[PDB]
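Step one of this worksheet: look at the structure below.
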Amino acid sequence: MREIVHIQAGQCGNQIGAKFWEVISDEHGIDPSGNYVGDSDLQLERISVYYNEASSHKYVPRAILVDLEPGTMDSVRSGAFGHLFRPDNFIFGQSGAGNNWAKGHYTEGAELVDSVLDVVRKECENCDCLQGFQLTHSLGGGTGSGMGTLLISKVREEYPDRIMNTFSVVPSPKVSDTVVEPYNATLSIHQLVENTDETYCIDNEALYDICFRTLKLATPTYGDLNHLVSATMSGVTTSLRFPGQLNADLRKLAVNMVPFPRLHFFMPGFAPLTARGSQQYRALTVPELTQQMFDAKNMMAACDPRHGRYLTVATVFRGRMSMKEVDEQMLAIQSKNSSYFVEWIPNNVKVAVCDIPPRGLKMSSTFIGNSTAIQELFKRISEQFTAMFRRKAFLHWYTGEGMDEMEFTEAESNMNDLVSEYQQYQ
Amino acid sequence: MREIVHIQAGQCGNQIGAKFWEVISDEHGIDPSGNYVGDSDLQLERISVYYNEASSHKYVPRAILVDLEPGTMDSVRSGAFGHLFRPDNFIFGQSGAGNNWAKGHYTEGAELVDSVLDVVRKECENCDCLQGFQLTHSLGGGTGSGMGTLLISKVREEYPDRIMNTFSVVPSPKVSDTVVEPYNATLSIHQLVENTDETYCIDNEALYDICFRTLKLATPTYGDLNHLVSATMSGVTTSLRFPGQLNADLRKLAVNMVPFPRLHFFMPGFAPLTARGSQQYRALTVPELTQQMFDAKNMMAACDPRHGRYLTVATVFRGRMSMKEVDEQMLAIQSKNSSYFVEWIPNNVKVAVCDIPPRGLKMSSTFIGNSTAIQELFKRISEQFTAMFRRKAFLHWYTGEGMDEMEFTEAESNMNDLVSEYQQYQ
Amino acid sequence: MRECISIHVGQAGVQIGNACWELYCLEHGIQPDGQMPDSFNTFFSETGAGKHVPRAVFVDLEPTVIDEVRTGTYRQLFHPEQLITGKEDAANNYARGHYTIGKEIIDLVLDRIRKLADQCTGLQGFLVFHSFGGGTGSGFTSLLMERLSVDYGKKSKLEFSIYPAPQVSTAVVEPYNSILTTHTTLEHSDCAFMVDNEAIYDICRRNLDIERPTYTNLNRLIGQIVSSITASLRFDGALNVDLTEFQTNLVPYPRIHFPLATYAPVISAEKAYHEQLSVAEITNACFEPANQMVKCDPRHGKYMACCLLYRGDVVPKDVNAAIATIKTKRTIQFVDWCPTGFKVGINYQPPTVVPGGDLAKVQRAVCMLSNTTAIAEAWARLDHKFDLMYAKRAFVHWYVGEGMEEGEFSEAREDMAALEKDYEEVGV
Amino acid sequence: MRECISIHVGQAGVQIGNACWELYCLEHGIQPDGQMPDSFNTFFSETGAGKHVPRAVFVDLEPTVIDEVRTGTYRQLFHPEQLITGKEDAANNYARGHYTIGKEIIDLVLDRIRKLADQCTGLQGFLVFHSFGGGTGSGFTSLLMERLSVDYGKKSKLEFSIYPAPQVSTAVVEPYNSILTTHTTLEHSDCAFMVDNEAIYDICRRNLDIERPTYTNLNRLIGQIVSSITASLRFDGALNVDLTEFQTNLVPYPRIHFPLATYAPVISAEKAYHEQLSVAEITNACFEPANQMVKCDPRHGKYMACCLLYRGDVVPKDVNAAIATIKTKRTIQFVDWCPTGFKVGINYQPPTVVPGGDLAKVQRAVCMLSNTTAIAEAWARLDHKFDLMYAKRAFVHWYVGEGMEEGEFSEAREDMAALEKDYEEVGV
Ligand SMILES: Nc1nc2c(ncn2[C@@H]2O[C@H](COP(=O)(O)CP(=O)(O)OP(=O)(O)O)[C@@H](O)[C@H]2O)c(=O)[nH]1
Ligand SMILES: Nc1nc2c(ncn2[C@@H]2O[C@H](COP(=O)(O)CP(=O)(O)OP(=O)(O)O)[C@@H](O)[C@H]2O)c(=O)[nH]1
Ligand SMILES: Nc1nc2c(ncn2[C@@H]2O[C@H](COP(=O)(O)OP(=O)(O)OP(=O)(O)O)[C@@H](O)[C@H]2O)c(=O)[nH]1
Ligand SMILES: Nc1nc2c(ncn2[C@@H]2O[C@H](COP(=O)(O)OP(=O)(O)OP(=O)(O)O)[C@@H](O)[C@H]2O)c(=O)[nH]1
Ligand SMILES: [Mg+2]
Ligand SMILES: [Mg+2]
Ligand SMILES: [Mg+2]
Ligand SMILES: [Mg+2]
């Protein structure tokens, strides 16, 4: 019951996804080549959510690994824990898109799609009850942005009522690892608008900041950053994988957190973000966690929630707690500074409490916010697009792959509309 | 009771046949020169289906080995396991047909036939109850195609009510190992049309594909390819050689799978096609097997079942299973995508379940389909014939051996008729 | 006296027999050799000093299945000449079963049958096991039935037919075989008890908690039904029932003798300790569509005749009250021309438990034989199936080549149609 | 006779049931297996030699919670088919509970219910546990209620609804779910006893001295209330009360059947030895707003009907005097059209103590069921909450996409308004 398909597209997705798999396997007591080292019946009970079980009690992720560039695939396999993945779920093209969204979306993506589709169908028919999909990818590159969205579209055509989740990394203004990010982001976000139920917006800059100032680390690697993301991912789905006191699946959160179909971009935050030298000077507790979760510093999306308003917030807590305590904390948060909580939605807080905490720490919280402040992120991107598009810069590459001016205009328009909608409700 | 005669004609037949013998001997615990190393009474019980038993408990195949070219015979004997064959069952001419069907069918075949006939009569009279015949051969060459069909005709004259089976390799368009394949195929298929009860159509291209993409092998040899064929052969007749829960002999399948006398060309498929590195990531089970069997990838004939319809399908499963499970799977297959199942035949699935699985794997399936998609195979051949015949190319050789234009015309006409019939019922 | 003889035809017939006879041996304290460590006389004869032997005959136009019998746990129970085999099977061809291949073996089996009859003193009847879809179970059975009619026109003949539902069909030509044989069956059978595999499977998953039923599993249940049927012949009761009774009480009209058997309670080892096993409860279970052994649409039709065979510890008063309650329920419908619908039979033997079995020991059990108009629907669907296939002459060559003529099929179809019409009529 | 059956719907329904049944087992000397080492007959049936089994049914459109039941301390108490699960939950969507997902499971549960009824002799009623804010506890419950109405229009049906106060809300769409379900509930429920989490929490901190209450903690208290309610059915008293009585005595008017239950005394192990536990004292405690299980503004309204269920050692005279005293107090107001406001019930059983519990053993206890006009305020606030959300069509897409139409909401709102008006009227 309630079984999920994972998908990883492009470089970022593949690496983040790997990390996620490492984490969740660790949580459920699974070794890399080793079949089972779990300590508890509970872990065993819901292995079938994310895994399949071959002969002699082996276990294997319902995960699909996709990229137009062969190299990253090589890296993934070459890592320790690489033997756990079914070899038939490695589905890569021959030549990479090279940060050309159009290539991702037309020339190579189309050629790639069929194999992917077949594998997804196979995965579906294998299992009794299909819940949802989880895609990890970028909006800044050609493959993750272009092909990913195509894939999503295809999926939608097949199963209209199933859940679509995406964990999407986003562009930031000061740090651009590609000059054509405005275009790439724009095109892909349009596509997302129509086919996703919930989208988790994640910024690298924010992550870096967190690593530097909160965790007090001088040398953050990508892996470290990815760790947080992995943790967040784990947190979201804890309700499906463990018996709690109050349980909230993917669907539940979606229903709770989306007042209008269009506005389904969630800003995740996480607690507690402790440092190594600094942890022994804290009393581990509900209120502290709650206080941490609503700081602008712990928003993984680089937007200030001070300049917008929360429509809705979902709080998923792990470890034993007093539900009453949690509720009182929530109340305190709401009444004290209701300045950033929308009046027409009376109670803006959703709570889920799951009994099994992550490995390492005794109590933890994941915060998922639908904030009107997210419009700010889109605005900068829009501005950048405008700046580029007026001079027709770099349009020629996109033209060369089938694209035409009209599409760009339309996507931008859509984005603008979205922005306006967010503003209106603020 | 229920005893069979095996025959191998031409190069392909001889090699495939050898492989088959190796397999079946292995299955029933027989060593190459060694009399008996079997582990079970069951094996012993039905040795007399395929074997004879000389003094001191020796065992010998009811197999006949035929070729116009002496060389292949030499190869067969020279191989390990070559001492098991009775020396009187090696019946070869002096000079090979050289891909001239007419030579195979008139000049040398006629000279060869009498000895073969005598040996077959000897084999028949020796045994209490004669069930059927199994011929392995090609349609692309002179001996397998021409002489084989003559032999078949002769057999028919003798015993009209006995079962005729043929395992016939077929030409493919991109890969032609002879330029005169259209002619050879045409002439032999005509002959088959009138005298065979069931014909198993097998393509090399398909086999190659399977070896490359499914088994993930870089260097397929002929032996490897032949292995699959051998396995298929073994699967067909498992009902005669073992006690099951549900049993289906040669006759049973024939009755079940041929709605009209003319349409007796079966497309075999097999499961599971596992790779060496890839096997440990599968839960061995009925549903998986069923899913594998109906993929276009696992059709040994290079035709797409997506562009035709199944008239009938026979499924032979080996190893312990839940019959109920199998039936439910079948139902699922039928109702879900009935798009390629003929309406006038209500239940298009035949099931046989035999308790003894092959050596190596724990559960396995053989699929035998009567698909209207087979017309496609004939069509290309017909086209090629038309292309050649208009310019009168290579006709002269055939003329030189007694043949005349009329025969060609007639065979082609027959083929066309056959094609039409398949279409009509689609 | 009152002895009864079992005939097993084709694979289905044999394997059912295997279970049944095993069950019987366990019931009467007969070890698999034949020694015991009277009542049982009706099924087992005696010869020698202490050895007991089944009055049974096994027929198959192929040695495969019966070879296993010859070399198994029960090899010593049967004398070798009560097992007849050796030849080519009727390859799912009714015609072969009836004409070509039936012809060669008939005399031998008939002689055996006669011998068995002669051994006994005034046996009541014959129990015939087979499938309708098999060439042997179809064609040969009819031939055998004919022979039996010829020899003993008077005596009772009951059958257990394995009937195919279209969704769980395992053979291509099931429709032809079923129709042809059914026509022949019609004139010479006193009643035929239909069993559907699908229903059995359903029962296994829901009420026995087994996801993967084998054929072996299925047969046990069937054997239990048989036991329930014939227990009144083999044992002392409070109120008794015989083979003659069934014919009398289930057949309003000559042609309408195809009733369904249901059984309860069907319980796993685990579920019993949380079970108040009531007489009323089991009766209730008996009339619930999920417990039917044929998938028939029971609520749409009406019930014509119903026989309830209880076994174990029972208070007749309680049974009566249960019956009354059932009658009082509105949705269950009896035909207006029969006010009183239940024949009731009681047996002091608790039903038995098979070593390594699926079924829990129970203290009260019931087998209901019930005749409903709804079963006509099954025939209608079969006829529909037949009609399309016939339309294109699909698979006709096989039958015509075996000495069967084409108009025969048409005749059979007509007969079936008439039968269907009859059910429609009597239900008014 | 007089048996009663418990139905547990959704997570809230299940977990409450868990505590309740545990409590019951402890009360009647039933170990967690099912053996005892009659009175209890009204809640437990018997089957087998010595094993006792709950007349209870657990329903959830998701396996999570009920899986724990299956594999816990009380795994052996329930037969597996009284636990129904397995599917996608109504994701806090009333519509899913009622239309899409309720449709698939209803028949199975209904059959079970019928079976349970049939096992018993003339059961009085049903006890239904659920939340209003859950998609299952809202949508499914209404559907179930409908079914029950259809089957047994006559019989009594009581419910325990977990009602949400706006300040301690844990779900976004609690207002929609509550309103829709409440309308449906209105026509088919005899009375619904509201419980507020916040109130419980308050009680725990003040009178049990626990700063950190878990859900597990809360449920114990609720179970005690239930026990108090049904003790008169299960035990010998001096003056008795039944389910029928409650309906009679609490409902002046068809639509006005939403009374509050309060309980006392609620004491830690420590505080008891400095406690003069008086009959009068507990009565007094009963009418003090800090002891209410719903936060309602009790002093502003008037009391319409009040049932006092005493258990333990009690002198009826003392109770009478206490009642008189209460009446004499000026601030507590009864409606002018009812002079005599208290139904009084007595039970010789001391309430029980749970191993590892929070509650002290007491010799006198009381559960008061009281109907006040003040509870209308709760509905008003809920309606206000609903009204703003509705205004922008917030979260409407989820409901419309599940086969629920938009005017329905409006209708529900109207109904609620009318209900509110009614309370205002009857209070004059
Ligand atoms: N959170 C992370 N973000 C990353 C990581 N690596 C890259 N990125 C971000 O992703 C952006 C580009 O994504 P990719 O590297 O996957 C390039 P993509 O495969 O999407 O298309 P091509 O460039 O055509 O291959 C880049 O601008 C970075 O901001 C990582 O390990 N973690
Ligand atoms: N499946 C296999 N097919 C083969 C094998 N060897 C050859 N062939 C196919 O058979 C075709 C010709 O068959 P043969 O080699 O037996 C030539 P044949 O003896 O039939 O007549 P002559 O050419 O007159 O000797 C050739 O075009 C190939 O496509 C084999 O080992 N396996
Ligand atoms: N209930 C039950 N049905 C069976 C069993 N074995 C086969 N069948 C059914 O019988 C039909 C197949 O025919 P068989 O009983 O094998 O017929 P046969 O008389 O042996 O003749 P052939 O099938 O031609 O060998 C199908 O409808 C099967 O579902 C069994 O053990 N139990
Ligand atoms: N008193 C009490 N209330 C509970 C408990 N668990 C959940 N609730 C309340 O129930 C509501 C949430 O609905 P659930 O009972 O989970 O509803 P459900 O029927 O399981 O359906 P979903 O919530 O959609 O899973 C909230 O108002 C909670 O405060 C419990 O153990 N005790
Ligand atoms: Mg890349
Ligand atoms: Mg050659
Ligand atoms: Mg058979
Ligand atoms: Mg729930």
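Here, A, B, ... name the chains of the structure tokens in the order displayed, residue numbers run from 1 inside each chain, and ligands are numbered from 1 in the same displayed order.
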Q: Around ligand 5, at most 9 Å away and counting only C-alpha atoms and all ligand atoms, which residues are there? Put them as an MDAnalysis selection string, please.
A: chainID A and resid 10:12 67:69 71:72 96:99 141:144
Q: Could you give me, as a PyMOL selection string, each residue of segment 392-424 of chain C that DSSP assigns to alpha helix (DSSP H) when run on this structure's backbone?
A: chain C and resi 396-400+406-424
For the residues selected in the previous step, produce a file with N, CA, C and O atoms as an mmCIF file, in the first residue's frame.
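What follows is the written file part-v3.cif:
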data_model
loop_
_atom_site.group_PDB
_atom_site.id
_atom_site.type_symbol
_atom_site.label_atom_id
_atom_site.label_comp_id
_atom_site.auth_asym_id
_atom_site.auth_seq_id
_atom_site.Cartn_x
_atom_site.Cartn_y
_atom_site.Cartn_z
ATOM 1 N N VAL C 396 -13.240 -26.007 -36.605
ATOM 2 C CA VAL C 396 -14.218 -27.032 -36.983
ATOM 3 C C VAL C 396 -13.558 -28.233 -37.649
ATOM 4 O O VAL C 396 -14.030 -29.351 -37.451
ATOM 5 N N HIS C 397 -12.491 -27.975 -38.405
ATOM 6 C CA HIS C 397 -11.747 -29.005 -39.102
ATOM 7 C C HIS C 397 -11.361 -30.178 -38.204
ATOM 8 O O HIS C 397 -11.529 -31.322 -38.623
ATOM 9 N N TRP C 398 -10.947 -29.850 -36.974
ATOM 10 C CA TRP C 398 -10.502 -30.871 -36.019
ATOM 11 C C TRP C 398 -11.641 -31.826 -35.716
ATOM 12 O O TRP C 398 -11.427 -33.037 -35.687
ATOM 13 N N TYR C 399 -12.850 -31.293 -35.558
ATOM 14 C CA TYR C 399 -14.014 -32.110 -35.209
ATOM 15 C C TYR C 399 -14.581 -32.943 -36.359
ATOM 16 O O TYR C 399 -14.963 -34.105 -36.187
ATOM 17 N N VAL C 400 -14.650 -32.313 -37.530
ATOM 18 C CA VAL C 400 -15.177 -32.960 -38.727
ATOM 19 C C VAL C 400 -14.310 -34.154 -39.131
ATOM 20 O O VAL C 400 -14.839 -35.181 -39.574
ATOM 21 N N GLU C 406 -21.421 -31.807 -39.096
ATOM 22 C CA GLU C 406 -21.558 -30.389 -38.767
ATOM 23 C C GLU C 406 -22.933 -30.011 -38.219
ATOM 24 O O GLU C 406 -23.004 -29.214 -37.282
ATOM 25 N N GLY C 407 -24.008 -30.570 -38.781
ATOM 26 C CA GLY C 407 -25.373 -30.310 -38.273
ATOM 27 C C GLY C 407 -25.614 -30.653 -36.805
ATOM 28 O O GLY C 407 -26.538 -30.125 -36.154
ATOM 29 N N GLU C 408 -24.765 -31.559 -36.304
ATOM 30 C CA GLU C 408 -24.799 -31.997 -34.914
ATOM 31 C C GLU C 408 -24.656 -30.808 -33.977
ATOM 32 O O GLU C 408 -25.410 -30.687 -32.999
ATOM 33 N N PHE C 409 -23.687 -29.956 -34.302
ATOM 34 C CA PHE C 409 -23.394 -28.750 -33.532
ATOM 35 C C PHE C 409 -24.641 -27.867 -33.431
ATOM 36 O O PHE C 409 -25.013 -27.384 -32.348
ATOM 37 N N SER C 410 -25.254 -27.683 -34.594
ATOM 38 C CA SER C 410 -26.461 -26.862 -34.734
ATOM 39 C C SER C 410 -27.571 -27.404 -33.828
ATOM 40 O O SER C 410 -28.230 -26.640 -33.098
ATOM 41 N N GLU C 411 -27.732 -28.722 -33.902
ATOM 42 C CA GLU C 411 -28.743 -29.436 -33.120
ATOM 43 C C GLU C 411 -28.528 -29.185 -31.624
ATOM 44 O O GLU C 411 -29.481 -28.883 -30.882
ATOM 45 N N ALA C 412 -27.267 -29.318 -31.231
ATOM 46 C CA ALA C 412 -26.853 -29.130 -29.839
ATOM 47 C C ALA C 412 -27.217 -27.724 -29.368
ATOM 48 O O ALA C 412 -27.775 -27.545 -28.269
ATOM 49 N N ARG C 413 -26.900 -26.759 -30.227
ATOM 50 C CA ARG C 413 -27.165 -25.345 -29.954
ATOM 51 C C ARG C 413 -28.658 -25.126 -29.724
ATOM 52 O O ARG C 413 -29.060 -24.445 -28.769
ATOM 53 N N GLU C 414 -29.441 -25.723 -30.615
ATOM 54 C CA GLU C 414 -30.900 -25.632 -30.574
ATOM 55 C C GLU C 414 -31.422 -26.162 -29.233
ATOM 56 O O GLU C 414 -32.269 -25.527 -28.574
ATOM 57 N N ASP C 415 -30.881 -27.323 -28.866
ATOM 58 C CA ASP C 415 -31.256 -28.003 -27.627
ATOM 59 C C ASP C 415 -30.973 -27.091 -26.425
ATOM 60 O O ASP C 415 -31.812 -26.944 -25.524
ATOM 61 N N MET C 416 -29.787 -26.497 -26.455
ATOM 62 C CA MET C 416 -29.356 -25.611 -25.378
ATOM 63 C C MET C 416 -30.294 -24.419 -25.257
ATOM 64 O O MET C 416 -30.688 -24.055 -24.139
ATOM 65 N N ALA C 417 -30.659 -23.865 -26.407
ATOM 66 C CA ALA C 417 -31.575 -22.726 -26.485
ATOM 67 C C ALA C 417 -32.910 -23.088 -25.832
ATOM 68 O O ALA C 417 -33.457 -22.307 -25.023
ATOM 69 N N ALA C 418 -33.393 -24.277 -26.199
ATOM 70 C CA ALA C 418 -34.679 -24.773 -25.708
ATOM 71 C C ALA C 418 -34.614 -24.894 -24.167
ATOM 72 O O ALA C 418 -35.555 -24.482 -23.470
ATOM 73 N N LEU C 419 -33.503 -25.453 -23.686
ATOM 74 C CA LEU C 419 -33.263 -25.636 -22.252
ATOM 75 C C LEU C 419 -33.329 -24.291 -21.531
ATOM 76 O O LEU C 419 -33.975 -24.166 -20.479
ATOM 77 N N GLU C 420 -32.651 -23.316 -22.124
ATOM 78 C CA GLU C 420 -32.588 -21.961 -21.582
ATOM 79 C C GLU C 420 -33.994 -21.373 -21.461
ATOM 80 O O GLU C 420 -34.359 -20.795 -20.415
ATOM 81 N N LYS C 421 -34.756 -21.559 -22.531
ATOM 82 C CA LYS C 421 -36.137 -21.076 -22.607
ATOM 83 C C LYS C 421 -36.972 -21.681 -21.471
ATOM 84 O O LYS C 421 -37.729 -20.978 -20.809
ATOM 85 N N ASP C 422 -36.801 -22.985 -21.308
ATOM 86 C CA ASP C 422 -37.459 -23.747 -20.249
ATOM 87 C C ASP C 422 -37.233 -23.133 -18.853
ATOM 88 O O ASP C 422 -38.194 -22.990 -18.110
ATOM 89 N N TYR C 423 -35.983 -22.803 -18.523
ATOM 90 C CA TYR C 423 -35.673 -22.175 -17.233
ATOM 91 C C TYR C 423 -36.428 -20.868 -17.069
ATOM 92 O O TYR C 423 -36.988 -20.613 -16.001
ATOM 93 N N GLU C 424 -36.452 -20.094 -18.149
ATOM 94 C CA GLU C 424 -37.134 -18.801 -18.182
ATOM 95 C C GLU C 424 -38.622 -18.998 -17.862
ATOM 96 O O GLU C 424 -39.203 -18.259 -17.045
#
Using DSSP assignments from the backbone, pull out every residue in segment 39-154 of chain B that falls under strand (DSSP E) and give it to me as an mmCIF file with N, CA and C atoms, in the first residue's frame.
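Written file, part.cif:
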data_model
loop_
_atom_site.group_PDB
_atom_site.id
_atom_site.type_symbol
_atom_site.label_atom_id
_atom_site.label_comp_id
_atom_site.auth_asym_id
_atom_site.auth_seq_id
_atom_site.Cartn_x
_atom_site.Cartn_y
_atom_site.Cartn_z
ATOM 1 N N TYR B 51 14.337 -41.509 -26.576
ATOM 2 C CA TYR B 51 15.469 -42.398 -26.569
ATOM 3 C C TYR B 51 15.071 -43.873 -26.753
ATOM 4 N N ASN B 52 16.080 -44.664 -27.119
ATOM 5 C CA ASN B 52 16.038 -46.122 -27.150
ATOM 6 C C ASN B 52 17.060 -46.610 -26.142
ATOM 7 N N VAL B 60 19.984 -44.013 -26.453
ATOM 8 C CA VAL B 60 20.275 -43.417 -27.760
ATOM 9 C C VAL B 60 19.109 -42.684 -28.417
ATOM 10 N N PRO B 61 19.360 -41.451 -28.881
ATOM 11 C CA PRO B 61 18.304 -40.614 -29.458
ATOM 12 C C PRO B 61 17.648 -41.208 -30.712
ATOM 13 N N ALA B 63 16.999 -39.934 -33.367
ATOM 14 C CA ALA B 63 17.331 -38.746 -34.123
ATOM 15 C C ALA B 63 17.966 -39.164 -35.419
ATOM 16 N N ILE B 64 17.627 -38.430 -36.473
ATOM 17 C CA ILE B 64 18.206 -38.647 -37.788
ATOM 18 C C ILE B 64 18.924 -37.371 -38.240
ATOM 19 N N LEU B 65 20.146 -37.538 -38.737
ATOM 20 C CA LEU B 65 21.000 -36.410 -39.089
ATOM 21 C C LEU B 65 21.280 -36.434 -40.584
ATOM 22 N N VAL B 66 20.834 -35.390 -41.293
ATOM 23 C CA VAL B 66 20.868 -35.375 -42.765
ATOM 24 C C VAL B 66 21.553 -34.117 -43.323
ATOM 25 N N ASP B 67 22.388 -34.291 -44.352
ATOM 26 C CA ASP B 67 22.949 -33.157 -45.101
ATOM 27 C C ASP B 67 23.547 -33.578 -46.444
ATOM 28 N N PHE B 90 23.414 -41.361 -39.426
ATOM 29 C CA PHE B 90 24.158 -40.319 -40.136
ATOM 30 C C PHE B 90 23.979 -40.549 -41.629
ATOM 31 N N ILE B 91 23.210 -39.705 -42.301
ATOM 32 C CA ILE B 91 22.810 -40.008 -43.672
ATOM 33 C C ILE B 91 23.070 -38.811 -44.564
ATOM 34 N N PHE B 92 24.265 -38.784 -45.142
ATOM 35 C CA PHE B 92 24.714 -37.636 -45.920
ATOM 36 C C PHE B 92 25.048 -37.995 -47.361
ATOM 37 N N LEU B 130 3.577 -44.371 -32.073
ATOM 38 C CA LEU B 130 4.280 -43.263 -32.698
ATOM 39 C C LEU B 130 3.446 -42.009 -32.608
ATOM 40 N N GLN B 131 4.013 -40.952 -32.029
ATOM 41 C CA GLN B 131 3.275 -39.700 -31.829
ATOM 42 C C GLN B 131 3.465 -38.722 -33.002
ATOM 43 N N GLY B 132 4.692 -38.226 -33.173
ATOM 44 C CA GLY B 132 4.958 -37.181 -34.165
ATOM 45 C C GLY B 132 6.397 -37.061 -34.624
ATOM 46 N N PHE B 133 6.618 -36.074 -35.491
ATOM 47 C CA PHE B 133 7.942 -35.756 -36.025
ATOM 48 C C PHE B 133 8.338 -34.312 -35.773
ATOM 49 N N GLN B 134 9.631 -34.112 -35.562
ATOM 50 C CA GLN B 134 10.190 -32.795 -35.338
ATOM 51 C C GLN B 134 11.327 -32.569 -36.317
ATOM 52 N N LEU B 135 11.129 -31.662 -37.281
ATOM 53 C CA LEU B 135 12.211 -31.300 -38.202
ATOM 54 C C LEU B 135 12.812 -29.916 -37.897
ATOM 55 N N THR B 136 14.137 -29.857 -37.758
ATOM 56 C CA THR B 136 14.850 -28.575 -37.658
ATOM 57 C C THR B 136 15.588 -28.311 -38.986
ATOM 58 N N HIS B 137 15.451 -27.098 -39.532
ATOM 59 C CA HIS B 137 16.041 -26.720 -40.834
ATOM 60 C C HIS B 137 15.843 -25.214 -41.162
ATOM 61 N N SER B 138 16.414 -24.771 -42.289
ATOM 62 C CA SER B 138 16.267 -23.390 -42.792
ATOM 63 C C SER B 138 15.358 -23.297 -43.992
#
If you count only C-alpha atoms, which residues fall within 9 Å of segment 355-363 of chain D, apart from same-chain ones fewer than 4 positions away, as a compact mmCIF listing (two decimals) with C-alpha atoms, in the first residue's frame?
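around04.txt written:
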# COMPACT_ATOMS: atom_id res chain seq x y z
CA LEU D 208 -3.52 16.15 36.93
CA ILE D 210 0.99 17.13 33.86
CA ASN D 217 -2.96 10.49 27.93
CA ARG D 220 -7.77 7.56 28.89
CA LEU D 221 -9.97 10.29 30.30
CA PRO D 265 -12.88 13.84 40.14
CA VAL D 266 -9.67 14.07 38.08
CA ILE D 267 -6.85 13.67 40.60
CA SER D 268 -3.12 12.83 40.59
CA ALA D 269 -1.82 10.07 42.89
CA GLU D 270 -0.45 12.74 45.25
CA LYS D 271 -3.43 15.09 45.72
CA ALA D 272 -5.91 12.41 46.98
CA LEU D 277 -13.99 13.39 48.37
CA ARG D 311 -20.52 5.41 40.43
CA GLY D 312 -19.07 3.93 43.62
CA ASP D 313 -20.28 4.25 47.23
CA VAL D 314 -23.15 6.77 47.27
CA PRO D 350 -16.04 1.87 41.66
CA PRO D 351 -14.35 3.27 38.53
Q. Skipping near chain neighbours, those fewer than 6 positions away, what residues fall within 7 Å of segment 15-18 of chain D using only C-alpha atoms, listed as a PyMOL selection string?
A. chain D and resi 8+219+223
Using the selection just defined, write its residues with C-alpha atoms as a PDB file, in the first residue's frame.
ATOM      1  CA  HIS D   8     -14.432   3.250  15.297  1.00  0.00           C
ATOM      2  CA  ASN D 219      -7.801   9.211  25.458  1.00  0.00           C
ATOM      3  CA  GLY D 223     -12.547   6.189  27.912  1.00  0.00           C
TER       4      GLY D 223
END
Q: Find the residues in chain C near chain B: any atom within 10 Å counts, using only C-alpha atoms. Write them as a ChimeraX atom specification.
A: /C:11-12,15,62-68,86-93,135,166-175,197-198,200-202,211-216,384-399
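Shortest atom-to-atom contact with ligand 7 among C:23, C:261, C:61, C:286: C:61, counting only C-alpha atoms and all ligand atoms.
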**Q.** Contact set, chain A to chain B: 10 Å, only C-alpha atoms, as a VMD selection string
**A.** chain A and resid 52 to 60 84 to 88 122 125 to 126
Q: Write down, as a ChimeraX atom specification, each residue of chain C that has any atom within 6 Å of an atom of chain D, counting only C-alpha atoms.
A: /C:273-276
